[PDB]
Amino acid sequence: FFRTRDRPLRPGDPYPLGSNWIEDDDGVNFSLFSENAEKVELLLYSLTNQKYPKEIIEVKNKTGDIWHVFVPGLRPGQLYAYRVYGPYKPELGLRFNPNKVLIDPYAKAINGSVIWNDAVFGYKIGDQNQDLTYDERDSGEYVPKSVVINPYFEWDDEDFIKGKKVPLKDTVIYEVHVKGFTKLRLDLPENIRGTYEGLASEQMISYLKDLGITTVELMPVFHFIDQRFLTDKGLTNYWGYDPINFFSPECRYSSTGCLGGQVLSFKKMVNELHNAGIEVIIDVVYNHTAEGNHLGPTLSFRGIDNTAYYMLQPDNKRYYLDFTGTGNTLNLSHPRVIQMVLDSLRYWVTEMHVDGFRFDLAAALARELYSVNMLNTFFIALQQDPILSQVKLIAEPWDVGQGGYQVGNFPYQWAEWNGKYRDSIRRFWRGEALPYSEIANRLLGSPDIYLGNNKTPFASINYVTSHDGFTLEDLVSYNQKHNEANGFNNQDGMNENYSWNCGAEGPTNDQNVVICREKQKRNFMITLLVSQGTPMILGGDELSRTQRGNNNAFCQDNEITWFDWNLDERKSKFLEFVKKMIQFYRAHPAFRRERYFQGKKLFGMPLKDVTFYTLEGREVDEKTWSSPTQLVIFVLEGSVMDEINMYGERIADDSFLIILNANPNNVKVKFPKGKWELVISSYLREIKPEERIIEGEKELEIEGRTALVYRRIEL
Amino acid sequence: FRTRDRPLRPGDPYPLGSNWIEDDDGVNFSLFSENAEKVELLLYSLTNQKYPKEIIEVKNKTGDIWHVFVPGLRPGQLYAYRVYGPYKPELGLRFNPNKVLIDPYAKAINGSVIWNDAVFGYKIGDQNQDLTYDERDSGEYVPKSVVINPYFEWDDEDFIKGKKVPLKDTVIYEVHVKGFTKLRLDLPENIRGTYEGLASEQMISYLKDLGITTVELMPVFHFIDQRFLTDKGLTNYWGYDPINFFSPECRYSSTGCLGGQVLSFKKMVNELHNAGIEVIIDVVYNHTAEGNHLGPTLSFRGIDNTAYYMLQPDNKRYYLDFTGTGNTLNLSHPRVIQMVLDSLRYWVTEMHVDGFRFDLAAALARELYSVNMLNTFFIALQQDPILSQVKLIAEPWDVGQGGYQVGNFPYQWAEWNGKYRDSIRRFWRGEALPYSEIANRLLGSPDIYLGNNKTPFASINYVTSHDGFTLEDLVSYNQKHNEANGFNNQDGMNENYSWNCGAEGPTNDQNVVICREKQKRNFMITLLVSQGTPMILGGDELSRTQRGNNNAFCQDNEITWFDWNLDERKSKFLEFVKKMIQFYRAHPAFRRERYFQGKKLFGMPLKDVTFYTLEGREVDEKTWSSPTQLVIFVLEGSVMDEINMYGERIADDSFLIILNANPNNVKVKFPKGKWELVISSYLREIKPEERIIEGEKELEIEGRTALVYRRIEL
Ligand SMILES: *[C@@H]1O[C@H](CO)[C@@H](O[C@H]2O[C@H](C)[C@@H](N[C@H]3CC(CO)[C@@H](O)[C@H](O)[C@H]3O)[C@H](O)[C@H]2O)[C@H](O)[C@H]1O
Ligand SMILES: *[C@@H]1O[C@H](CO)[C@@H](O[C@H]2O[C@H](C)[C@@H](N[C@H]3CC(CO)[C@@H](O)[C@H](O)[C@H]3O)[C@H](O)[C@H]2O)[C@H](O)[C@H]1O
Ligand SMILES: OC[C@H]1O[C@H](O)[C@H](O)[C@@H](O)[C@@H]1O
Ligand SMILES: OC[C@H]1O[C@H](O)[C@H](O)[C@@H](O)[C@@H]1O
Ligand SMILES: OC[C@H]1O[C@H](O)[C@H](O)[C@@H](O)[C@@H]1O
Ligand SMILES: OC[C@H]1O[C@H](O)[C@H](O)[C@@H](O)[C@@H]1O
């Protein structure tokens, strides 16, 4: 029989948001935003007992729209969660349910995941007035607890990489799933297989160093939840694109787990990577939550302050505007949400030492009420920020809502995923004949797309494959999508995959087939790694990774998506090809350009920095340039480039001659003046001894589906 | 030789301005320009600043930011820019590469404008005015930008960072670097009216004696003298008219200004901080010294005119004017917003300023046509890690339409309380206000800032500021005498709510002298006895007089000079202000973090705050609405809801305030207890039977008289 004031306490501070171990005053400082709540309760738990509060403190102080308290004696490791009281009126958007225990949206560590159970929903499930009703079952025992943490971490060798690192212009990106990376890597002891620690191991670090990639883009590592409808199918959220907190790294990747060790385990991994001269880019979901729409659960944001955080139907305020396609969309217009997102970004930069972000469904971040605005508050604040102005920003230039196709529209400093590039290039080798323009442009960093906005070929992130869609193997191994293992009666995944089976579906024995696939794989690989702009490799395509024609394996936490490291002749002999191709790209400036090629002679030279030929031997004209084709052929003049380094030197390369033939049949091209040693191709066969040079404007036959690069050694 | 037959590097876009890069032995020049077709970097020598020593074309670009890196250059270098572009004034395009321009990210400017028709980009004479294109080279008339070496050892300095003076206990001292120490024949000149002078041991000591916690400087942003002042023998004294947001005013610098003004400023701030004094700078972000059209072309107009300035949306050849100074910065542009925020962060982390008071803060919220207090600028500013910790005070309005924005300001934001200023002026002037009016002013004006969730200390109380009369003139003039400004006395507010006590100006009638000194102390007590943050107007303790000029914005002379020569009347008031500031800061009951509620607390009989009438009977209802010339209230120090950062409830003494603004005498009945006289505005010796009142007894109170009382027993 005591009071909330017979327990030693201090008023605390509104800032920072979240919970802060304040060594000096031997206690913790709890800050929580909510401008609509009427009352707030701090819930302290213990290691062993997590069904009930050890203790219940009432946050009684509130500076503006921020309740704050300081509890003495709390140190790092202490589990806590939030109750929020307030008005319940689903008609008006108010969805306060103080029975529902909530997660601190500023937690830097989160204990478990959700034990799915009707009681986490704050409306009555089986009730006819779903989500209009008020369920008052306590849900404490199911929702994971927030963990206070000790942010101290010694970034040994840290600080020096900080510093003339990988510019976007020589970068080569490697998209990886932390788990899938290394789950099936018995090369390491289990229990770091498919974790952070596993990712940044000697074995692996050496692999990446070998492979030749410079930066790694990890899939979502924001603590995320497994959708119930995936759970009720014996399934999981493998990709992670359903975040519930924006500051905590997913616990299911931590080797140390789960209690504070996820963030400790992460930092070491980045430390380890930087020591090896490797950047880190994290996939970032900011556009939606795991709380989905109405009918969805009440875990974190919905409880604390639903009016903010979430874009609501302005006429209803009971339902959720959804441009993300996942039930809700984050209200990037509310000052507090803009702050949270930005904090998160700075937090992950200065604290976790991330080097850049790939924003998922970017356009969703530039939404006001129904309209896109590449000049919204959030983006401008992000642009002026001293810390963030220095990190790499990359974008999925589109959301799913109406008018959400934002290719070419993102403020400077942004590189955007080029989906023009992927679609086109994929349809080119497929067999389709596109206008000589639509492909030459692609090949040259899509100047049309980006040059209209003062951007460079950097901004163009070129890729053939990706976690979204097929793999590179399954891109030449399928015509239709086989996502029946997802348990959605194969009613999910892109229908147009602009793919081709090489004359089958699925695995095969017909050598004539395999040969085709192995060719194409190398046509794709030659392209990407010879097109202007920034190339991205899909993690595993150097292993010929297969998802059995699953082009949407988002819930497939298993062998379907596991990296397979068991390499036979074929699989491995390609690995060697990707390695040598990458090295080629890297060793040659005429492909890592900060400026576009114009079509003229520069610096008073007698040659063009570039030149597009026809099939015999002939510069392209206004008409041939607009008319379709399946055979592109172009010369880059290393020496007559307008590329200057940071020291003001211009930058010769060698002169190349790229011959791309997507034509199914063979063709005969006439080589332009001068003499032209062979370097690289698609040919899996012994290179004919009469193909290894070309002289005197003479000519040569080329099997369909074949890429060739040539180096002029005399003119 | 072409622009390419001298060594260069492409340089870097971030950050903006010129930046000494030791390791690469050279300077990096960066400059925002959306619409420029061409940019040219001018390098002058110390000796010759008529023509450019060299011209370098900024060829390299990155989005909307031009930059080059020039090898060899060191800090100290003079430079300006030439921005080439289209000239279509009716469209808002006002580029004129004949006009040499100041770098808007200049951390140091060397000198000021040599006023001359050549600096206007349009033909001054011509009959179609601003639509015309003047082709005179303005170089020899325009101050050059300087590359500064930013280094500086802030001894100790980094430990006040740390805790500092919390708004709860603050006491604000508005000073004008110049006037403060101009007429200070203590120090050497070549140091009178300068940054260094302000920070001399003699002045620090003074400031500690007086007992103020933080100084608030008038604009120190490099500014120019408006030409319509130059052509009157006049200058811009206050300096509310800058062209650069990064470099401190040259004219306040003891060590010249080729970087001197920067160096000299830091060491002033450094010294203040070693005496535990906070530095707040009055800042102007809302408008530029480039006026409207017909104005000069110096910096922004010339670098990008469609970017920096709010243009009439139907014309874009005329400037939207919400400030009254010709033009208005549009903080809706991503780069404009970045510059203001960059600037703010620069003065914080670089000049170690402790906060800003924004002049015409409302005009900063204009975005489109109206005041959206939810604008991009304010939002970015709120979420900023650095600016998150500093103080943000505001002139909560502008001269615009619907600009009056009192109380609407974001949080952490404090406000100049204009209503206090006025209400209190009128109270002691005679007028009888609703007992509710004055009452609210005294409880920190909850009826205003309480609605927005703000605290009592977010209200910045003042009876005087640089706008209008001083305190000495406030009780000394009924009308204004701005004749000296040469504007037929059409400038300056007309309603000053002042009361000359019985003359106009300086007198001999002692009856009138004395009325003055009574009023001065009446105002003084009320201020330092109200809830909220009190701001003293520099020189008021010195009984400073502008000779009844209530707008000495251009009077850079004896009128505004701090007169340090004090007689007895002076020293007596000085002493009194001291004793009174010392009282404010002694008693937590006035430095409150929360508002008095009208009720008891903590299960105590007495209620934390009570108001009374002439007689004991507590202020009933219709008495709370009906006007009054007499205020009386009792703070119960021992029953306040006040908690320090340690979770301790605070307590104070219990005080009984008597504010008789009525001109005649009055009898008052003390409530029950046994009371002691602590301070009053009486200039005569206090009768011994006023020193201790007891037992519902009564007391004669002369008109215009304020009294504070402590209840020794109950
Ligand atoms: C970018 O962001 C997208 C949305 O967050 C990612 O979406 C992928 O993962 C989602 C969980 C999945 N959701 C839908 C699945 C289905 C049926 O297939 C429905 O039952 C659900 O209710 C939907 O929410 C997306 O379909 C899937 O593409 C994307 O991978 C990121 O790159
Ligand atoms: C807040 O901001 C105000 C404007 O920046 C400051 O204004 C004071 O100084 C101005 C230069 C002065 N300008 C006008 C003067 C006159 C006639 O008196 C006209 O001829 C000019 O064209 C106007 O620009 C203001 O009148 C004066 O109050 C104010 O002090 C700051 O606190
Ligand atoms: O609406 C979602 C779609 O938007 C755009 O068309 C993208 O190019 C496509 O990949 C994506 O699936
Ligand atoms: O709406 C989506 C479409 O927008 C534009 O038409 C693009 O050119 C096209 O590639 C894309 O699929
Ligand atoms: O428009 C500016 C004016 O607004 C209000 O009237 C203020 O009371 C006055 O002091 C200020 O000068
Ligand atoms: O002129 C001064 C007056 O201007 C406006 O009417 C304001 O609303 C008022 O508060 C202010 O006193």
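What is reported rests on the model, the rules as stated and the sources as named; nothing here is a laboratory result. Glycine gets a Cβ as well: all are built from the backbone with ideal geometry, and neighbour counts include every protein chain shown.
Restricting to region A:518-536, what's the tally of residues that are under 22 Å from the mean Cα position of the chain (by Cα) and either under 30 Å from A:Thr231 (Cβ atoms) or outside any helix (DSSP H, G or I) (or both)? Here the count works out to 7.
Per-residue answers, yes or no, for (1) touching a strand residue (DSSP E or B) at 6+ places or on another chain (Cβ under 8 Å); (2) acidic (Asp, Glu):
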site	(1), (2)
A:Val349	no, no
A:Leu365	yes, no
A:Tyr370	no, no
A:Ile387	no, no
A:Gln390	no, no
A:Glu396	yes, yes
A:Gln402	no, no
A:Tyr405	yes, no
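Criterion applied to A:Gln406, A:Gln390 was being within 9 Å of another protein chain (Cβ to nearest Cβ) and not charged (D, E, K, R), and the one residue passing it is A:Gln390. A count restricted to region B:492-503 and to residues that are out of contact with any helix residue (DSSP H, G or I) (no Cβ under 9 Å at 6 or more places or on another chain) and over 30 Å from B:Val399 (Cα atoms) stands at 0.
Evaluate region B:233-246: report whether one residue or more is more than 16 Å from ligand 6 (Cβ to nearest atom), touching a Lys or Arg at 6+ places or on another chain (Cβ under 8 Å) and within 23 Å of B:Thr560 (Cα to Cα). The answer is yes, given that some residue of region B:233-246 is more than 16 Å from ligand 6 (Cβ to nearest atom), touching a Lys or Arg at 6+ places or on another chain (Cβ under 8 Å) and within 23 Å of B:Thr560 (Cα to Cα). Being surrounded by fewer than 23 Cβ atoms within 10 Å (Cβ to Cβ) and more than 16 Å from ligand 1 (Cβ to nearest atom) is not true of B:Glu541.
Counting only residues that are more than 13 Å from chain A (Cβ to nearest Cβ) and either outside any helix (DSSP H, G or I) or farther than 22 Å from B:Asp169 by Cα (or both), region B:439-453 holds 3 of them.
Of all residues in region B:374-425, those satisfying the criterion of being crowded, with 20+ Cβ neighbours inside 10 Å, within 17 Å of the chain's Cα centre (by Cα) and of a type in the set (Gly, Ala, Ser) are B:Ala394, B:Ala414. Between A:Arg83, A:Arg137, A:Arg95, the distinction of being basic (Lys, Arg), touching a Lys or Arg at 6+ places or on another chain (Cβ under 7 Å) and on the phi < 0 side of the Ramachandran plot belongs to A:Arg95 only.
What about B:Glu685, is it within 25 Å of B:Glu517 (Cβ to Cβ), among the charged types (D, E, K, R) and either assigned to a helix (DSSP H, G or I) or assigned by CATH to the domain that holds B:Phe590 (or both)? So B:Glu685 does not fit the description; no. Remark: pairs (first residue in region A:454-467, more than 14 Å from chain B (Cβ to nearest Cβ) and in contact (Cβ under 8 Å) with a residue 12 or more places away in the chain; second residue part of a loop (DSSP other than H, G, I, E, B) and of a type in the set (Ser, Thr, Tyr); Cβ separation under 9 Å; 6+ apart in sequence or on different chains) = A:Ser460/A:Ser446; A:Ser460/A:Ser531; A:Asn462/A:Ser446; A:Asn462/A:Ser531; A:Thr465/A:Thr471. Of all residues in region B:576-599, those that are of a type in the set (A, V, I, L, M) have Cβ atoms under 7 Å from Cβ atoms of residues that are in a helix (DSSP H, G or I), 6 or more apart or on another chain, in B:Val577/B:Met524; B:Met580/B:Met524; B:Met580/B:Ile525; B:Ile581/B:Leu210; B:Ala589/B:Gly637.
One line per residue, one yes/no per condition, for (1) β-branched (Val, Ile, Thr); (2) surrounded by fewer than 19 Cβ atoms within 10 Å (Cβ to Cβ):
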position: A:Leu102; (1), (2): no, no
position: A:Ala109; (1), (2): no, no
position: A:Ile115; (1), (2): yes, yes
position: A:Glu158; (1), (2): no, yes
position: A:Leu168; (1), (2): no, no
position: A:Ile173; (1), (2): yes, no
position: A:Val176; (1), (2): yes, no
position: A:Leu186; (1), (2): no, yes
position: A:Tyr207; (1), (2): no, yes
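Got a sec? Which helices (runs of 4 or more DSSP H) wholly within region B:174-252 have at least 1 residues that are in contact with a helix residue (DSSP H, G or I) (Cβ under 8 Å, 6 or more places away or on another chain), hydroxyl-bearing (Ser, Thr, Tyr) and within 30 Å of B:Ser18 (Cα to Cα)?
Of the helices (runs of 4 or more DSSP H) lying wholly inside region B:174-252, those with at least 1 residues that are in contact with a helix residue (DSSP H, G or I) (Cβ under 8 Å, 6 or more places away or on another chain), hydroxyl-bearing (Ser, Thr, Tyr) and within 30 Å of B:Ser18 (Cα to Cα) span B:195-198.
Within region A:245-265, is there a residue that is outside the structural domain of A:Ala109 (by CATH), in contact with a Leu (Cβ under 8 Å, 6 or more places away or on another chain) and among the aliphatic types (A, V, I, L, M)? No, there is no match, as no residue in region A:245-265 is outside the structural domain of A:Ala109 (by CATH), in contact with a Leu (Cβ under 8 Å, 6 or more places away or on another chain) and among the aliphatic types (A, V, I, L, M).
Restricting attention to region B:157-196, the residues being of a type outside the set (A, V, I, L, M) and under 20 Å from B:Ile559 (Cα atoms) number 14. Taken over region B:436-445, the criterion of being farther than 16 Å from B:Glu642 by Cα, in contact (Cβ under 8 Å) with a residue 12 or more places away in the chain and not aliphatic (A, V, I, L, M) is satisfied by B:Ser436, B:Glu437, B:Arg441, B:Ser445. With respect to A:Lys675, determine if the residue is exposed (fewer than 14 other Cβ atoms within 10 Å of the Cβ) and not assigned by CATH to the domain that holds A:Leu434. For A:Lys675, the condition - exposed (fewer than 14 other Cβ atoms within 10 Å of the Cβ) and not assigned by CATH to the domain that holds A:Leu434 - is not met. A residue that is buried (at least 23 other Cβ atoms within 10 Å of the Cβ) and in a loop (DSSP other than H, G, I, E, B) cannot be found anywhere in region A:48-71. Scanning region A:485-517 for residues that are buried (at least 19 other Cβ atoms within 10 Å of the Cβ), away from ligand 1 (no atom under 16 Å from the Cβ) and outside any loop (DSSP other than H, G, I, E, B) gives A:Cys516, A:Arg517. Within region A:604-637, the set of residues being under 20 Å from A:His588 (Cα atoms) and among the hydroxyl-bearing types (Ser, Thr, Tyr) comprises A:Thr611 only.
Exactly one residue out of B:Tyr195, B:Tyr173, B:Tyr237, B:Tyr206 is under 30 Å from B:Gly539 (Cβ atoms) and without any contact (Cβ under 8 Å) to a residue 12 or more places away in the chain, and it is B:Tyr206. Against the condition out of contact with any strand residue (DSSP E or B) (no Cβ under 8 Å at 6 or more places or on another chain), under 30 Å from A:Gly234 (Cβ atoms) and crowded, with 20+ Cβ neighbours inside 10 Å, how does A:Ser146 come out, does it pass? Criteria not met by A:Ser146. Residues that are within 11 Å of another protein chain (Cβ to nearest Cβ) and without any contact (Cβ under 8 Å) to a residue 60 or more places away in the chain were ranked within region A:13-28; the one that is surrounded by the fewest Cβ atoms within 10 Å (Cβ to Cβ) is A:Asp25.
As a summary of the residue check, A:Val101 satisfies the conditions (1) touching a residue at least 40 places away in the same chain (Cβ under 8 Å); (2) assigned by CATH to the domain that holds A:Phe266 except for the one numbered (2).
The set of residues from region B:595-610 being hydrophobic (A, V, I, L, M, F, W, C) and assigned to a loop (DSSP other than H, G, I, E, B) comprises B:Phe596, B:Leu601, B:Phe602, B:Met604, B:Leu606.
Mind counting the residues in region B:51-67 that are within 13 Å of another protein chain (Cβ to nearest Cβ) and touching a residue at least 60 places away in the same chain (Cβ under 8 Å)? So the answer is 1.
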